[PDB]
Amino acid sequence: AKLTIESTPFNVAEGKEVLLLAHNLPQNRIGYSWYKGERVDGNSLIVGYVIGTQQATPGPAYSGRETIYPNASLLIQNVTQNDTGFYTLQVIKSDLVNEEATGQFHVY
């Protein structure tokens, strides 16, 4: 029952889109941050989200192609060769005992 990311599809044609799903979200959640790569790093922040106010805040890795949803799904449109790789979600919780999962897709 741990937080896990699923890409659909894993293998994406250039120019198409990919949806990153989050399974087993904790009950306690208040927000989300999606990062490019394998770890929480503010310099790789794509977008943060506050559930209660439905504020999305782009980070430095935001490229105008990424959308976050209230179930923590990340949609990335119009993918390029450069997007292949890892994506890491942190779920922020009200007690701040946060959870992380990663996150992978491939562009041909």
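Residue positions are given as counts along the sequence shown, with the first one as 1.
Once the C-alpha B-factors are averaged per stretch, 21-29 and 81-89 rank with 21-29 first. Ranked by C-alpha B-factor against the other modelled residues of its chain, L3 falls in the highest third.
For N98, the recorded CA B-factor ranks within the middle third of the chain. Only modelled residues enter the ranking. Residue-level temperature factors show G42 in the highest third of its chain, judged at the C-alpha atom. Among all modelled residues in its chain, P60 ranks in the middle third by Cα B-factor.
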